[PDB]
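In: Take this sequence and fold it.
(3 chains)
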Amino acid sequence: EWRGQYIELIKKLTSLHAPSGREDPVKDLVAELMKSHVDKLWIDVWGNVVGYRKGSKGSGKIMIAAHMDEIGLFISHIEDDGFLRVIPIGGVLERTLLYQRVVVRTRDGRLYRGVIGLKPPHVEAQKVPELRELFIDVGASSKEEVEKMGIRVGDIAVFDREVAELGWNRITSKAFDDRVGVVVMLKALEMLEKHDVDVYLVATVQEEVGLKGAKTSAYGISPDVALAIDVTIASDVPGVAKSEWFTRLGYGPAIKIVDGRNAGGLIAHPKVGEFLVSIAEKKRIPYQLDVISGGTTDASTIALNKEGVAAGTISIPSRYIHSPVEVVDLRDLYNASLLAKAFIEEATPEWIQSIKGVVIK
Amino acid sequence: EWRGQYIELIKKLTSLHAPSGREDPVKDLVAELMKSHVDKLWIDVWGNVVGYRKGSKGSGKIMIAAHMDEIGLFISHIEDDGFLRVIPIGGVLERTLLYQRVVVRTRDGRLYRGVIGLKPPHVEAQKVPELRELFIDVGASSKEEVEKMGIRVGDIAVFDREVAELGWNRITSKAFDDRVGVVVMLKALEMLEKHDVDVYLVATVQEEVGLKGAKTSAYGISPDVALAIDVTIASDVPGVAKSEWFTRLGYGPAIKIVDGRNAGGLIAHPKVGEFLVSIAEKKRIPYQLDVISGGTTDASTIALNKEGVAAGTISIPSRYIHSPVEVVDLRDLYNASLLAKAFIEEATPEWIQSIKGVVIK
Amino acid sequence: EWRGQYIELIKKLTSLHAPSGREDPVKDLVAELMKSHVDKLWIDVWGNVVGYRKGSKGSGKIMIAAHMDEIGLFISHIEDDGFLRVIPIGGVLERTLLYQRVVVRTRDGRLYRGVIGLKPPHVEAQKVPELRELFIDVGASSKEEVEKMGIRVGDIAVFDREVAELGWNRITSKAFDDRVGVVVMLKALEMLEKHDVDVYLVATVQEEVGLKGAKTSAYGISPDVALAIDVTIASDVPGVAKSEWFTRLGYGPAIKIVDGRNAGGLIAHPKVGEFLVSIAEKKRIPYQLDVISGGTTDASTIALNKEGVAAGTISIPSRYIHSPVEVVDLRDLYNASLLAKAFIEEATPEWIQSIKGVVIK
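Out: Numbering: from 1, shown residues only, chains lettered A, B, ... in the order given. Shown next is the structure:
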């Protein structure tokens, strides 16, 4: 009955509304859940949660990374009408905003529902509107009534959706990216029996805004080998050719070879990539190869840290990423945690040396 | 008969197929060739080759950088038809892919030729196709037959072209960027008689994917003054005005004042820029000023290292960059090595101080 | 090990650069190779090579035709810049010219490589350029330097590609059309043990420029039954429906029922068509039916000769026709020669009479 344990952890984390820069609700909980399984634990400057397991050897340092932040919207202006105007946080696209229900939170504590509306059809062409033409409806008739609700410019809004079950293996919610990867990280932390190498478990901030938290968190820790856990695109929907699927739901986590931007986001360190594959294989964990032409994860800037950090990514397949409607397959999450647990367990101080290279002289 | 020595070195390096992340074939050789001329030599984490010459003084540190990687294609899907689909590595443009012959290499060792084909004309408009409509033809009728060939998703492909001579001064090949600059670096390494200052010779990785190797390599070395050697655009072809040429073949290496992106790639440290010019001048080496509105080299992120690194670029003029068909002028390469040799030789511990600036107090 | 014998013959013929009107290099060799197997042999006015086998009967005359010429480019103007402008020979399309390497030959003997270049991207839209915007780069800085290279207006250029092997059954080169059919013809000439009927073996000129050599060659010979051997379109690539493939590689030569131009190129004489099929069938040679809506071969104007000539076509399937990158399947060539050998062997003076028709009176 592991399935139920995953779902409940995910409901806990995805009902928390924490878009980039605002992650404190999730930030709190993650610390709580992380606490017993770690030797040392802290929250850094930017609010990264850092757990630490010293394992048994003099060994080395391996880091595991997942981001807490989700996309969302900043309320930017408040109309005299009482309506709210927004600007996006991260990779938000307007198709996902139309006739959607939203939760706004209150510079202090509270939560009001709102509705993203449109001009009506009579003002022939559709034509997804533009953000500046969108507005949020919280049920107020004035700016005064809004202020009186406690909501101020700068308050964030987030998709109003809670986990629902799609058949036996799959689920829907907002904010699977990356809460799903926090979950996977956290739940590999439980399965963990000790290991040669020191493990840093890091739940990061501000990734959707372009990998900011993962950049800084890694600088102070600087480990030998880092591992990112993020979602990755799955196009195995209809009207798409099998060549453009990139991953399939329920076919296992995706070990990343390349992602984004004419490559250039990350081409993962082949030796970490090679490692992950042979482990999965020998442990008969199902897996996929992530070779993708768009998007990037924490590992883009981690592998760029200092002299360099051998880095790779375990990515979990997700449909309709960056919508309220994202879909994930629970088996992909289970095997995700397994492949993570193994990676840490099977890591050795000797293997961590290839990796830093000779000295021919 | 220097001309012949350059060509053969270039054939050696450009017949090596090493797109970004995959540079190991070149990586090997460069080490070999670099070995005798260096005091200390090693390959770092990411596979950067680093040679070290200690010269005679307590002096300082100057670094020289060239990238080994070339653009190419990842095979992404394998059709049941037996055809291969690709996604690009670096700055690949579709015009260069049409009816081109390609070499695919084999996750283990081997090399199969392939053909990049198109839908036929009958499916009026041309209309350069899109990458997703392209496919590679290796002569197989099935996915099975492909796997049996040893080629897997993730295997890279590269232009099939070997050096050819265009008249007396010029040559064609794939991957001039940057193998031509490795060559120049390597061949200035030979001409080198000692010097006051410590010299780090670095053949870098993953530049086409946006300067990744040069970022990390420089962090651990951190030198006072760095020098990039890259190709730069030459438009001196027909149907282009003399104002948009930017450089001419056979007119000498291009000392970089500015490149890219509304500037913003690099505006080279004027004092290193000034230095390079006065040296070239006094040594009557022909040269050009590289002032360009697109593209960037290693020196963009090198000059950004730590407190900053005085940095400049010797760029060699190249026609049709990022094609199988690139053209280079051998004189530009010869004078390139000369201007590099001089720069290192003429560098002094005293000059290396201006450069870090006063202290008024 | 027949496979190797075909390849080497093809390398010999396709490394010969002989576009329409210029076929002399191929013209020479074909004569050489044809010589031992023929009774009488000669080269006519236009340079057609004509071999003659008298077989054993008073019998009749059957002719076999293949064209030596390939598409190419005439250098038309020579810029002061030193660049060359071209106009096409035959059915050349601009998509095949972009970033292609070319061989120019020298009104007297010699061969210089050249590069077909383009305006750079900055002069949004691609937009395959137009021939008048293309130029060839031979590495020269002046018209003077070009003339000094011996290259004059009127000199032809041709794709620079030599045979490469794609897996076990298939190969790439320029000029498969029709050198592949010369090869097939030539190699059926070897397998030939005598026959009732007189055989004329003809390697023709200027077909890509619209069947000129086949028109004149046949007039003086005038035979009863003629056979063309040409390539034909194979679309069995991706993104094309099985209804538009027209032929498949490795499925056998294509006996032609109809080709081109709302038919109108050739509707082959059904009795020769019928003949070819029943022979292939009974001899269990694999074959295809060529029913096509574009393109035409020598047999269009042969069947039009004098009172008429019963005519048909054995066509060999080819992918990416009229590119540097054409692909052919060696089995299609082997069975092509077999079906040719049979046709000649199985031909009889009695069968040659149906064919000329009654006289009811």
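In: going forward, measure contacts between C-alpha atoms and count neighbours the same way
Out: Fine.
In: Tell me which other helices or strands the host helix or strand of residue A:318 touches.
Out: In the assignment (DSSP states H and E), residue A:318 maps to strand A:310-319. If contacts are counted by 3 or more C-alpha pairs under 8 Å, 6 or more residues apart in numbering or on different chains; DSSP states H and E, strand A:310-319 sits against strand A:225-233, strand A:254-259, helix A:270-282, helix A:299-302, strand A:327-329, helix A:330-346.
In: and residue A:260, what is it in contact with?
Out: By C-alpha atoms under 8 Å, 6 or more residues apart in numbering or on different chains, the contact list for residue A:260 reads A:266, A:292-296.
In: Backbone dihedrals for the closest residue to it other than its chain neighbours, both of them.
Out: Spatial nearest neighbour of residue A:260, excluding adjacent residues (C-alpha to C-alpha, 6 or more residues apart in numbering or on different chains): residue A:294 at 3.7 Å. Taking degrees, to the nearest 10, you get phi -150, psi 160 for the backbone angles of residue A:294.
In: and residue A:294, how many neighbours?
Out: Number of residues near residue A:294 (other C-alpha atoms under 10 Å in any protein chain shown) recorded here: 15.
In: can you check residue A:278 too?
Out: 11.
In: how much space between it and chain B?
Out: Distance of residue A:278 to chain B, given as C-alpha to the nearest C-alpha, to the nearest Å: 14 Å.
In: tell me which residues of stretch A:49-65 are tucked away?
Out: For stretch A:49-65, a neighbour-count test (16 or more other C-alpha atoms under 10 Å in any protein chain shown) marks A:49-55, A:59-65 as buried.
In: For the stretch 1-150 of chain A, which segments are assigned as helices?
Out: Along the stretch 1-150 of chain A, counting by DSSP state H, counting those that start in this stretch, helices occupy A:2-14, A:24-34, A:143-147.
In: Could you pull out the buried residues of the shortest one?
Out: Spelled out, that is helix A:143-147. Neighbour counts using 16+ other C-alpha under 10 Å place A:143, A:146 of helix A:143-147 among the buried residues.
In: The strand holding residue A:318 to strand A:225-233, inter-axis angle?
Out: In terms of direction (axes from the mean of the first three to the mean of the last three C-alpha atoms, to 10 degrees), strand A:310-319 departs from strand A:225-233 by 20 degrees.
In: Extract the CA atoms of strand A:310-319 and return them as CSV.
Out: Extracted in CSV, the C-alpha atoms of strand A:310-319 (Å, rounded to 0.1, in the frame of the first residue of the first chain):
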residue,chain,number,x,y,z
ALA,A,310,29.6,15.7,-12.2
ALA,A,311,25.9,15.9,-12.5
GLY,A,312,22.9,14.0,-13.9
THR,A,313,19.1,14.0,-13.7
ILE,A,314,16.5,11.5,-12.7
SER,A,315,13.4,13.1,-14.3
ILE,A,316,9.8,11.9,-13.8
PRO,A,317,7.5,11.8,-16.8
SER,A,318,4.7,14.3,-16.7
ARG,A,319,1.9,15.2,-19.1
